[PDB]
Amino acid sequence: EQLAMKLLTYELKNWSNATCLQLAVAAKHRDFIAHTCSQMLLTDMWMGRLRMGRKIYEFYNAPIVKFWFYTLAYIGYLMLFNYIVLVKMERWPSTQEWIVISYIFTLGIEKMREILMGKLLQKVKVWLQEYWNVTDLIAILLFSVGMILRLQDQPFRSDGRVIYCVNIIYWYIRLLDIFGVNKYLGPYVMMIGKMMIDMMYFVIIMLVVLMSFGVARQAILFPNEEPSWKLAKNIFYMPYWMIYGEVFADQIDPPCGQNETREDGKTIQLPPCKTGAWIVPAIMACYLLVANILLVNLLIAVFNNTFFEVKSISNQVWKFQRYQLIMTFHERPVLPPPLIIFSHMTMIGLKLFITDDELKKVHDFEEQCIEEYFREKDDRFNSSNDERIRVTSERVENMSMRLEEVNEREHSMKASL
Amino acid sequence: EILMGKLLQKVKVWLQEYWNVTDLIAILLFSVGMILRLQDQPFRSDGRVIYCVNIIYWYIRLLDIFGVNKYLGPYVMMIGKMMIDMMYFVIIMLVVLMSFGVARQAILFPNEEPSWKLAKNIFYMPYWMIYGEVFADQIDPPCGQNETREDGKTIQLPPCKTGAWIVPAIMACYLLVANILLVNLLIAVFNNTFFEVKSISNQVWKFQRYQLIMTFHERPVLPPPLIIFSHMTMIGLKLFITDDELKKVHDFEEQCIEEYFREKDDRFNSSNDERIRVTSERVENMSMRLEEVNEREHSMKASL
Ligand SMILES: CC(C)CCC[C@@H](C)[C@H]1CC[C@H]2[C@@H]3CC=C4C[C@@H](OC(=O)CCC(=O)O)CC[C@]4(C)[C@H]3CC[C@]12C
Ligand SMILES: CC(C)CCC[C@@H](C)[C@H]1CC[C@H]2[C@@H]3CC=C4C[C@@H](OC(=O)CCC(=O)O)CC[C@]4(C)[C@H]3CC[C@]12C
Ligand SMILES: CC(C)CCC[C@@H](C)[C@H]1CC[C@H]2[C@@H]3CC=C4C[C@@H](OC(=O)CCC(=O)O)CC[C@]4(C)[C@H]3CC[C@]12C
Ligand SMILES: CCC1(c2ccccc2)C(=O)NCNC1=O
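Chains as they are written, first to last, in the authors' numbering: chain A, 718 to 769, 861 to 925, 929 to 1159, 1180 to 1248; chain B, 922 to 925, 929 to 1159, 1180 to 1248.
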């Protein structure tokens, strides 16, 4: 095992000092990375120096501690954001909002720094591979728009506040990326992401049925109604909530034409109903029979069938992404985003080098491993039942012919004697 | 039972039983409640509330009693096992619920002092939406409009607020995720895990039967209410056998071992793989012998 670990990572002068892990990643060979040896090596790197001035340094520059510090900074920023949104804001921002804005601005600067680390188009193409980093940029742009709008006169400030309120949701949901590190959680997130296509295919049909029912209900009643714009809302509004247990029992089949004295009041004569008002309830049944009991159970069955395959694929993919996570957090500076401005002002390993004797030793070990592999492969092949049967049949055929030749020859001898 | 100088080892062994820890904790809470209940009025109701909260543990403790039944015990074990997956679901549901509640609270009530009600308001309404309550009254209130109503003078409502039409839309997406996406995933997880958990639970219960039986064999006859007399008085599994019976048992064991080895060898030698291997080897040897005779037979032709 130790020699395997050493072989997996060592500079190759012939191949541009690229270790086996880098080549496997470039080839996207998930099986190689998912192997136990590579996973153990990645875990060893994750713990950095601890693996359980110099005393401080080993703890400080380990990737795991940097990950924890970044996570804590993010959590604090999130807490401040919540406090800001809930409480009233004056004309000028408070200290908390200044801190939040500075954090966002520095994070955007750090994203630009990652972009730049004349090939810029290739760098952008590579960067687009990370889907999270696109939504992050979009959310930052929306936040900047909200900030610009919030500092104007009264008519715009509330719009800026609403922009903040809508934007907070993305940052609240971004915690899935942080959770990704956990063994159990990451695959769960991947499966959740995968199921959304089936969810959308269900949604289309549900939307069709809901539109039909809403249009029918709206048309049956309110005969003399001007177009306006409320009709489009009314179509979608009521039926959508019926999926979740609200049936509006008050206004299913109103009494309409009847005498309703009620109590503590004079008798009131209600309108004499309308033509074809008894068809709405019946329809309201069929819709509920379809949206609730038919499609949802089908979706459940689809999930059950897809679960196993999605689980396996997600596990392998997360084991593959571990390496990118580890290297990304190894490269990053120690100070969390709020204070990385100093690191950027200052701005303004994976592989271990080995001695010649060790290189020759590793080469010898590799050749020995190859020889053992081929010998074992041949031994397994020659012990297969099919090969043994084939050899037995061929040798039996040859023996039969030789036996016949001897028998015919033995016949000649009888005459000789 | 703890006492039946090794006391640390006894405690370490005792901690293995998870029920016996919660039992002690509940007893301590009950003692605290009893002490509080006998003071003046301001504390007596707090003691009563302590009793009311404590009763739940004793009501749920009946699962241990049910454990003896063949069917029930495995069910309890499976229920206990599924809670990890339940927790993993709960974390994500909590994240989504917090996001929705904070958004709803922030969109409305712009001029609101911090106080402490906000933390409640965030969690309160969204949690119940999972179970069929949508608060139809206060989804999209009419706000800015004329509402004469009846048996009353005309009342002019506030002119709504900016961005109040975004809350309903959000309220849809949340419901589309919490209710139809995560729950069905949890159902699928349960379906996949059921078989393995069932088998493991059956085996584990069959293992725990012995501990149950011995524990209740050792205990005194009188139930706990009257065990004080037994303790004041305080203040089998194996049968002994004769020598001849011991020798007989040893002979039977040796015979069983001999039969086991003989049957194992008989099964091994009748395998198809071994027969094919022997056939091939003997055929090869026969072929060589046939060739040797044939070459030798050629010599004889010259001899004749
Ligand atoms: C996972 C993260 C997002 C934590 C949850 C976010 C918010 C729900 C929490 C985080 C810190 C909390 C605050 C901590 C301190 C205070 C001040 C405190 O108000 C008072 O001091 C006045 C007391 C009174 O008059 O009653 C209570 C509310 C508030 C804003 C709390 C309300 C809810 C906050 C913003
Ligand atoms: C899919 C299956 C299982 C449905 C089971 C229940 C339905 C058959 C019930 C539920 C609600 C009922 C409706 C509730 C109210 C009315 C108004 C009622 O109108 C009248 O009879 C008076 C006017 C007239 O037609 O003369 C006609 C039946 C209808 C549609 C009822 C017919 C049967 C419905 C659709
Ligand atoms: C996930 C899919 C299947 C959702 C299906 C139904 C939704 C599209 C419906 C349900 C409730 C509807 C909302 C109910 C009320 C309103 C207020 C309405 O506000 C206005 O148009 C007046 C002010 C203005 O914007 O000019 C805008 C649409 C909205 C969010 C409706 C738009 C469509 C919604 C989200
Ligand atoms: C850009 C990624 C991240 C991050 C991601 C996972 C864990 C910790 C931090 C962030 O999104 N916000 C704070 N700084 C960061 O680099």
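Built from N, CA and C at the ideal position, the CB exists for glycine as well.
Query raised in the report: Is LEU1081 of chain B closer than 8 Å to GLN1062 of chain B when the C-beta atoms are compared?
Result: Within the second sequence, residue 1062 of chain B is the residue found at index 138, counting from 1. Within the second sequence, residue 1081 of chain B is the residue found at index 157, counting from 1. When the beta-carbon positions are compared, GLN1062 of chain B and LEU1081 of chain B stay at least 8 Å from each other.
Query raised in the report: Secondary structure at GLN1080 of chain A, three-state DSSP: helix, strand or coil?
Result: Here the question's residue 1080 of chain A lines up with position 269 in the first sequence. Three-state DSSP puts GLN1080 of chain A in a strand.
Query raised in the report: At a CB-CB cut-off below 8 Å, which residues of chain A make contact with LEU1081 of chain B?
Result: Indexing the second sequence from 1 puts residue 1081 of chain B at position 157. The CB of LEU1081 of chain B never comes closer than 8 Å to any CB in chain A; the least such distance is about 17 Å.
Query - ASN1070 of chain B - partner residues in DSSP beta bridges - result: Your numbering for residue 1070 of chain B matches position 146 in the second sequence. Note: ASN1070 of chain B sits in a beta bridge opposite B:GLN1080.
Query raised in the report: What is the DSSP secondary structure of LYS1041 of chain B, counted as helix, strand or coil?
Result: Within the second sequence, numbered from 1, the residue matching residue 1041 of chain B stands at position 117. In this structure, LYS1041 of chain B counts as helix in the three-state DSSP scheme.
Report task. Identify whether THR1186 of chain A lies in helix, strand or coil by the three-state DSSP scheme. Result -> As a working note, residue 1186 of chain A is residue 355 in the first sequence. Coil at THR1186 of chain A, not helix or strand.
Query raised in the report: Which value, in whole angstroms, describes the spacing of the CA atoms of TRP982 of chain B and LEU1146 of chain B?
Result: As a position in the second sequence, residue 982 of chain B is number 58, starting the count at 1. As a position in the second sequence, residue 1146 of chain B is number 222, starting the count at 1. Rounded to whole angstroms, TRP982 of chain B and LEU1146 of chain B show a C-alpha spacing of 21 Å.
Requested in this report: Determine contact between the segment 1078-1096 of chain B and the segment 950-968 of chain B, defined as no fewer than three beta-carbon pairs at a distance below 8 Å.
Outcome: In short, these stretches do not touch, since the Cβ pair count stays below three.
Report task. Examine ligand 1 and report whether any of its heavy atoms sits within less than 7 Å of the Cβ of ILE984 of chain A. Result -> To locate residue 984 of chain A, count along the first sequence from 1; it is residue 173. Flag unset: Cβ of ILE984 of chain A not near ligand 1.
Query raised in the report: Which residues, in order along the segment 1103-1128 of chain B, keep a beta-carbon less than 8 Å from a beta-carbon of chain A?
Result: Those would be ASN1103, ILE1104, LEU1105, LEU1106, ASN1108, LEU1109, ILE1111, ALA1112, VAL1113, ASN1115 and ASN1116, in chain order.
Report task. Go through the residues and name those whose CB comes closer than 6 Å to any heavy atom of ligand 2, in chain order. Result -> Having a Cβ closer than 6 Å to some heavy atom of ligand 2 are A:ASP1064, A:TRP1089, A:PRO1092, A:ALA1093, A:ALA1096 and A:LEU1100.
Query raised in the report: Quick one: what's got a C-beta closer than 7 Å to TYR891 of chain A's C-beta in the same chain, skipping five residues either side?
Result: Locating residue 891 of chain A in the first sequence gives position 83, where the first residue counts as 1. When the five nearest sequence neighbours on each side are left out, the beta carbons in the same chain lying within less than 7 Å of the beta carbon of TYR891 of chain A are those of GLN904, in order along the chain.
Query - Straight-line gap, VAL992 of chain A to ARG1133 of chain A (C-alpha atoms, nearest Å) - result: The residue you call residue 992 of chain A lines up with position 181 of the first sequence. The residue you call residue 1133 of chain A lines up with position 322 of the first sequence. Approximately 8 Å, taken between the alpha carbons.
Query - Under the three-state DSSP convention, the category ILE1054 of chain B falls into - result: By 1-based counting over the second sequence, the position of residue 1054 of chain B is 130. Three-state result, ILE1054 of chain B: coil.
Query raised in the report: If you measure from the CB of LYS874 of chain A, is any heavy atom of ligand 3 nearer than 7 Å?
Result: For the purposes of this step, residue 874 of chain A is taken as residue 66 along the first sequence, with counting starting at 1. It does not: the Cβ of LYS874 of chain A is nowhere closer than 7 Å to a heavy atom of ligand 3.
Requested in this report: Taking the CB atoms as reference points, tell me whether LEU759 of chain A and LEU725 of chain A lie closer together than 8 Å.
Outcome: To locate residue 759 of chain A, count along the first sequence from 1; it is residue 42. To locate residue 725 of chain A, count along the first sequence from 1; it is residue 8. It is not a contact, given that the beta carbons lie outside the stated cut-off.
Query raised in the report: What does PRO1038 of chain B reach in chain A if we use C-beta pairs closer than 9 Å?
Result: The sequence position of residue 1038 of chain B within the second sequence is 114, counting from 1. Per Cβ cutoff of 9 Å: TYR891, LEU894, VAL895 and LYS896.
**Report entry** Beta-carbon proximity list for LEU953 of chain B, same chain, < 7 Å, skipping 5 on both sides
**Finding:** The residue you call residue 953 of chain B lines up with position 29 of the second sequence. Cβ neighbours of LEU953 of chain B beyond the five flanking positions: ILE974 and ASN978.
Query raised in the report: Can you name, in chain order, every residue of its own chain whose Cβ lies under 6 Å from the Cβ of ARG747 of chain A, other than the five neighbours on each side?
Result: Position 30 of the first sequence holds residue 747 of chain A. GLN1127 and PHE1131.
Query raised in the report: Sorry if obvious, but does the Cβ on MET897 of chain A come closer than 7 Å to a heavy atom of ligand 1?
Result: For the purposes of this step, residue 897 of chain A is taken as the residue at position 89 of the first sequence. No, the Cβ of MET897 of chain A stays beyond 7 Å of every heavy atom of ligand 1.
Query raised in the report: Using 8 Å as the limit for Cβ to Cβ distance, is residue 1282 of chain A near chain B?
Result: In the structure as shown, chain A starts at 718 and stops at 1248, and residue 1282 of chain A therefore has no counterpart that could be examined.
Query - Cα-Cα separation, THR1186 of chain B to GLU1203 of chain B - result: Numbered from its first residue, the second sequence carries residue 1186 of chain B at position 242. Numbered from its first residue, the second sequence carries residue 1203 of chain B at position 259. Distance between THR1186 of chain B and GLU1203 of chain B, taken at the CA atoms: about 26 Å.
**Report entry** Under 8 Å between C-beta atoms of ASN1238 of chain B and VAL1227 of chain A
**Finding:** Taking the second sequence and counting its residues from 1, the one referred to as residue 1238 of chain B is at position 294. Taking the first sequence and counting its residues from 1, the one referred to as residue 1227 of chain A is at position 396. No.
Query raised in the report: Hey, how far is the Cα of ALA950 of chain A from the Cα of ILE1094 of chain A?
Result: Along the first sequence, read from residue 1 onward, the residue named residue 950 of chain A stands at position 139. Along the first sequence, read from residue 1 onward, the residue named residue 1094 of chain A stands at position 283. Between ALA950 of chain A and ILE1094 of chain A, the C-alpha separation is close to 43 Å.
Query raised in the report: What residues of chain A sit near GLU1197 of chain B, judged by a beta carbon separation below 9 Å?
Result: Translated into positions along the second sequence, residue 1197 of chain B becomes position 253. None at all; the shortest Cβ gap to chain A is about 38 Å.
Query raised in the report: Got a sec: is the Cβ-Cβ distance from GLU1057 of chain A to anything in chain B below 8 Å?
Result: Along the first sequence, read from residue 1 onward, the residue named residue 1057 of chain A stands at position 246. Under the Cβ criterion of 8 Å, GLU1057 of chain A is counted among the residues facing chain B.
**Report entry** Rounded separation between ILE1016 of chain A and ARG921 of chain A - CA only
**Finding:** Reading the first sequence from its first residue, position 205 is the one you call residue 1016 of chain A. Reading the first sequence from its first residue, position 113 is the one you call residue 921 of chain A. Between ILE1016 of chain A and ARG921 of chain A, the C-alpha separation is close to 45 Å.
Requested in this report: For chain B, find out if any of its Cβ atoms is closer than 8 Å to the Cβ of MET887 of chain A; answer yes or no.
Outcome: As a position in the first sequence, residue 887 of chain A is number 79, starting the count at 1. No, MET887 of chain A does not count as interfacial toward chain B.
Query - Whole-angstrom distance between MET1001 of chain B and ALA870 of chain A, CA atom to CA atom - result: The residue labelled residue 870 of chain A in the question sits at position 62 within the first sequence. The residue labelled residue 1001 of chain B in the question sits at position 77 within the second sequence. Computed Cα separation, rounded: 41 Å.
Requested in this report: Check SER1214 of chain B in the structure and name its three-state DSSP category.
Outcome: Counted from its first residue, the second sequence places residue 1214 of chain B at position 270. Looking at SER1214 of chain B - three-state DSSP - the assignment turns out to be coil, as it is neither helix nor strand.
Query raised in the report: Should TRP1040 of chain B be listed as close to ligand 1, given that the test is whether its C-beta is under 7 Å from any heavy atom?
Result: Within the second sequence, numbered from 1, the residue matching residue 1040 of chain B stands at position 116. Yes, ligand 1 has a heavy atom inside 7 Å of this Cβ.
Query raised in the report: Applying a beta-carbon distance threshold of less than 7 Å, which residues of chain A neighbour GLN1029 of chain B?
Result: By 1-based counting over the second sequence, the position of residue 1029 of chain B is 105. The contacting residues are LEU894.
**Report entry** Any non-hydrogen atom of ligand 3 within 7 Å of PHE1047 of chain A CB
**Finding:** One-based indexing of the first sequence puts residue 1047 of chain A at position 236. Indeed, a heavy atom of ligand 3 lies less than 7 Å from the Cβ.
**Report entry** Endpoints, alpha helix (DSSP H) assigned at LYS874 of chain A
**Finding:** Translated into the one-based positions of the first sequence, residue 874 of chain A becomes position 66. Counted as a single uninterrupted DSSP element, the alpha helix (DSSP H) harbouring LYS874 of chain A occupies residues 871-894.
**Report entry** Chain-ordered neighbours of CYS976 of chain A on chain B, where CB pairs are closer than 7 Å
**Finding:** Against the first sequence, residue 976 of chain A aligns to sequence position 165. The contacting residues are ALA1027, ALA1030 and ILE1031.
Query - Nearest-angstrom Cα separation, counted from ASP970 of chain A out to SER1125 of chain A - result: Locating residue 1125 of chain A in the first sequence gives position 314, where the first residue counts as 1. Locating residue 970 of chain A in the first sequence gives position 159, where the first residue counts as 1. Going by the C-alpha atoms only, they are around 41 Å apart.
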